[PDB]
Amino acid sequence: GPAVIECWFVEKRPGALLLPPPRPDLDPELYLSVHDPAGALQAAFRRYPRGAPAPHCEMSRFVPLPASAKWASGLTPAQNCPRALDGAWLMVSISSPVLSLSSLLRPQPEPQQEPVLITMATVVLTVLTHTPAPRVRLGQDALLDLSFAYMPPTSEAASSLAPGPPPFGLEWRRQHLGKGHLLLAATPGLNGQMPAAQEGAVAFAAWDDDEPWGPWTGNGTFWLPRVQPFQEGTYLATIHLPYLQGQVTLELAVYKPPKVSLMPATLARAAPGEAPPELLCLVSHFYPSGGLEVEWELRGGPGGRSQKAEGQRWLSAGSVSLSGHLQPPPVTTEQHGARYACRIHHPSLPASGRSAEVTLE
Amino acid sequence: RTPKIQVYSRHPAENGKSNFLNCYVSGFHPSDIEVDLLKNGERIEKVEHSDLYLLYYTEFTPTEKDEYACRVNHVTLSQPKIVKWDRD
Amino acid sequence: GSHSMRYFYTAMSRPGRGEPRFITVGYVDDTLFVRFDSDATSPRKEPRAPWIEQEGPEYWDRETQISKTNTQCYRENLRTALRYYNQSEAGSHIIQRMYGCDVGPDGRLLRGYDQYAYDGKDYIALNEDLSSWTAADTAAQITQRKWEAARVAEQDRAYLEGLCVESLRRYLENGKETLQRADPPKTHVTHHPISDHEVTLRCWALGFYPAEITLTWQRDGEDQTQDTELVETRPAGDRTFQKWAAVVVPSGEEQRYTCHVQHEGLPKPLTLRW
């Protein structure tokens, strides 16, 4: 990925993250050098398109708010905040057409640094997805990527009678544009009552290993069965820990190409010195109705394929299956068996839009 | 939401006789929208709206060289939109 | 029957023509019982339906002051949106909101809708369990973090557990000539000319109130979606939600295609050919 990640701060204030050049004006408490025990953020921005344009970054603060879900009772069997989770909390959210990131950090009070004036932080929760916009085919199951990483509190170890990586939760809220619901919500590793399964989707969510004291990285790949374009749109994926939670956004769209129709397609003669009948031009799906361009052209004489056609035309504009009409003028001694063409430019279509033709005599 | 604006007639238009010119605007918010009509570029009077988005209409006598149009100004439109006269 | 009560807000910026306009309406069944407009000589909650006109004036004046309070607050919301949305004050972007209660056949609440929308694109929404939110993207994520540190979910939960139920039952008492509030659509078919050789047919369903309605087309018994335009549910502007699905088909095969509406306002996925 890029060397530096510039960013904004509200809840604007400019800042930057470093995965150094002098930066005197930026607040020494807003320019962060990121420490990574798990290498998740580091080796994940390493396997990142370096040199890509500026993604969408945003920084803010946070306080460990437990999950409001009553089933989450079990990960938090006591309403006391841990001692090693004091100080400041920072949450950074980044979005890009390659990977989406949500990270938690705990910096230091003094930004004083003897080499160069910069600040050190440390990542306690990493969330990174490499599928920010899948496009699955109609009638086949859908797989989604979502990795995370939780570093244990480097200090608290002389009191925990149950060492090792603690459990965690994964929650995917999904679909039904114009409304909202929940599809997945499961905390594997806890003898607690889990909710039902809507549509029957599940996720592979666990740890990659089981090293007791070092950092931890975990997989959380979602899996939906046979999908249908009534589930298209947006969804949110969140990873949960005691008092902690981190969410990212994902989008999904489907593809269906259009087809053409151009009547009258084939006709019989039309005596010389006579205007041919009312010709038409129609398209199937194109929406909405902003920026639509309509062109009528005579193709069967002199002047190339870009002439302001003679005769009368007809354009128009919860969308449109437009019906352009055309009344061509009488013919000359140069348009025997000529043709007429109609061109529709719409943002959804290619830059050529859609062309249709009608043969004359 | 940008409005759908179809400028049609009530009967197949002829030259020399009178007919209706109907600018059907729909699908947007708010209810108030600056929907006017032009004749040769000049803001005409007489433009109807529906009762309590829907159809606007008037009557005219279509001819050869004269030209009508429907001007629409909605808050999404940074500048107004001129839908051209259409007979066929 | 399964009922629903809806209040609709709509804010929009309009530089050069004044200040951000605000509009509000109220719907029970397909009946508009109260309107509102900031561009009015007296932006009062005005009487519309001949059954709401018997309510206490405290309700009317309180809801009018609430309308003006929401006008101010959502002007501030338009401001805070325009601030960190990378947009200009020379243009104008509209925000809309719909919130209300849906109850079952016994008046017992099913849930409560409370969803926004920005520039046609959806914004944020509240789930059925009233304990979680559904956002759209990074800025809607900021608003979801704001209102997730501010439980509007439980607010509306305990609100519909007391206010919306009483109001909906009182409005049912105001008019027992209809037990249909979860509005099914009102449908027809539009013909578009391809002259003698072909035709465009559009199955329109409007008038209804929700948004999730599965509109399909079936040829004989075969589902054919490749040639169909199923555009998103776009409301009308008078708060009667609309939708349609069309096809340019040759002048003949149109009979094989049949419209199909899946909805809960309609008692069943009805078949349509009008």
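No value in this document is a laboratory result; all are computed from the given coordinates. Because the Cβ atoms are built from the backbone with ideal geometry, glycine has one as well, and the counts that use them run over all protein chains shown.
Across chain C, Cα pairs under 8 Å and at least six residues apart give a relative contact order of 15 percent. Once the C-beta distance of B:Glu64 and A:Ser306 is scaled by a Förster radius of 30 Å, the resulting FRET efficiency is 0.70 to the nearest 0.05. Magnitude of the charge dipole for the protein assembly as shown, about its Cα centre and with charges confined to Cβ atoms of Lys, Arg (+1) and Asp, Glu (-1), is about 400 debye.
Taken over the C-alpha atoms, the stretch C:4-44 has Rg and Dmax values of 12.1, 39 angstrom. The alpha-carbon atoms of the stretch C:127-274 define a convex hull whose volume equals 167 cubic angstrom per residue.
Dividing the convex hull volume of the alpha carbon atoms of chain B by its residue count, what do you get in Å³ per residue? Don't jump to the answer; show the numbers that get you there.
Working: hull volume 8.3 nm³, N = 88.
Spelled out: Cα convex hull of chain B, divided by residues, is 95 Å³.
Each eigenvalue of the Cα gyration tensor of the stretch C:37-178, multiplied by 5 and square-rooted, gives one semi-axis; in descending order these are 30, 22, 13 Å.
Across all directions, the average projected area of the convex hull around the alpha carbons of the stretch A:203-290 is 12.6 nm². Karplus-based coupling profile of the stretch A:198-212, in residue order and whole Hz: 7, 6, x, 9, 9, 9, 7, 9, 6, 8, 7, 8, 8, 5, x, with θ = phi - 60° in 6.51 cos²θ - 1.76 cosθ + 1.60 and x standing for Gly or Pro. For chain C, C:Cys73 stand unpaired, since no other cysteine beta carbon lies under 4.7 Å from theirs. In order along the stretch C:48-54, phi translates into HN-Hα couplings of 10, 8, x, 7, 7, 6, 10 Hz, rounded to whole numbers, per the Karplus curve 6.51 cos²θ - 1.76 cosθ + 1.60 with θ = phi - 60° and x for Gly and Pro.
Once the C-beta distance of A:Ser155 and A:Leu18 is scaled by a Förster radius of 25 Å, the resulting FRET efficiency is 0.55 to the nearest 0.05.
What does the structure give for C:180-192 when I average, per residue, the other chain Cβ atoms found within 10 Å of the residue Cβ?
Mean partner-chain Cβ count within 10 Å for C:180-192: 1.
Taking the longest Cα principal axis of chain C as reference, the axis of helix C:165-174 is set at about 70 degrees. The fewest-to-most ranking of C:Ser92, A:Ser348 by surrounding Cβ atoms within 10 Å reads A:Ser348, C:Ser92. Treating r as the C-beta distance of B:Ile44 and A:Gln112 and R0 as 56 Å, the FRET efficiency rounds to 0.15. With each label modelled as a point 7 angstrom along the Cα→C-beta vector, the A:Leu65-C:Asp196 pair spans 6.8 nm. Taking 10 °C and 1.306 mPa s as conditions, the stretch A:125-256 diffuses translationally at an estimated 99 µm²/s according to Stokes-Einstein applied to its Kirkwood radius (Cα pairs).
Across all directions, the shadow cast by the convex hull of the stretch C:98-156 built on its C-alpha atoms averages 4.3 square nanometres. Taking amide hydrogens as placed 1.01 Å from N in the peptide plane, the amide H of A:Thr119 sits under 5 Å from those of A:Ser33, each at least 5 positions away in sequence or on another chain. Of the residues A:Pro288, A:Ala275, A:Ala309, the one whose Cα sits farthest toward the positive end of the charge dipole of the stretch A:257-361, with +1 on the Cβ of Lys and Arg and -1 on the Cβ of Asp and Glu, is A:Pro288. Note on the stretch A:257-361: the alpha carbon radius of gyration divided by the globular reference 2.2 N^0.38 Å gives 1.09. Under 5 Å from the amide H of C:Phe22 lie the amide H atoms of C:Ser38, C:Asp39, each residue being 5 or more positions distant or on a separate chain, with H modelled from the backbone and absent for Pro and chain starts. Amide H to amide H, with H built 1.01 Å from N, C:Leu109 comes under 5 Å of C:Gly104, counting only residues 5 or more places away or on other chains.
As an exercise, find the ratio Rg/Rh for the stretch C:158-227 from alpha-carbon atoms, using the Kirkwood inverse-distance average for Rh.
Numbers: Rg = 19.7 Å, Rh = 16.3 Å.
On the Cα set of the stretch C:158-227, Rg over Rh gives 1.21.
Semi-axis lengths, largest first, of the ellipsoid equivalent to chain A are 60, 26, 15 Å, with √(5λ) applied to each eigenvalue of the Cα gyration tensor.
Taking only the C-alpha atoms of the stretch A:85-176, the Rg (one decimal) and the largest Cα-Cα distance, Dmax (whole number), read 18.3, 60 Å.
Taking every Cα-Cα distance in chain C and sorting them into 5 Å bins starting at zero, the pair-distance distribution P(r) comes out as 1, 5, 11, 14, 15, 15, 13, 10, 8, 5, 2, 1, 0 percent. In the stretch A:1-124, the C-alpha radius of gyration followed by the widest Cα-Cα span (Dmax) gives 16.1, 49 angstrom. Selection among B:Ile5, B:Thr76, B:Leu38 by position relative to the dipole of chain B gives B:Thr76 as farthest towards the positive end (Cβ unit charges, Cα centre).
Rounded to the nearest 20, the size of the Cβ-charge dipole of chain A about its Cα centre is 880 debye, with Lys and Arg at +1 and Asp and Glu at -1. Here the contact order of the stretch A:82-184, divided by its residue count and restricted to Cα pairs under 8 Å and six or more residues apart, works out to 19 percent.
Rounded to two decimals, the Cα-based Rg/Rh of the stretch C:186-272, with Kirkwood Rh, is 0.98. Using a cutoff of 8 angstrom between alpha carbon atoms and counting only pairs six or more residues apart, the relative contact order for the stretch C:60-178 works out to 16 percent. Histogrammed with a bin width of 20 Å, the alpha carbon distances of the protein assembly as shown distribute as 14, 41, 32, 11, 1, 0 percent, first bin at zero.
For the residues of B:71-82, the average number of beta carbons from a partner chain within 10 Å of their own beta carbon is 3. Just to confirm my numbers, what's the Cα centroid distance between the stretch C:162-240 and the stretch A:33-82 in Å? So the two Cα centres are separated by 43 Å. Phi angles of the stretch C:137-154 translate, via the Karplus equation with coefficients 6.51, -1.76, 1.60 and θ = phi - 60°, into HN-Hα couplings of 7, 3, 6, 4, 5, 5, 5, 5, 5, 5, 7, 8, 8, 8, 5, 5, 4, 5 Hz per residue; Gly and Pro are given as x.
Could you calculate the contour length gain from C:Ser251 to C:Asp238, that is, 0.36 nm times the residue separation minus the distance between their Cα atoms, to one decimal place in nm? Kindly include the intermediate steps, with their values, before the conclusion.
Numbers: separation 13, 0.36 × 13 = 4.68 nm, distance 3.49 nm.
Result: 1.2 nm gained on full extension.
Summarise the partner chain shielding of A:309-317 as one whole number: the mean count of Cβ atoms from other chains within 10 Å of each residue's Cβ. Numbers along the way, then the final one.
Values: counts 0, 0, 1, 4, 4, 7, 6, 10, 12.
Counting other chains' Cβ atoms within 10 Å and averaging over A:309-317 gives 5.
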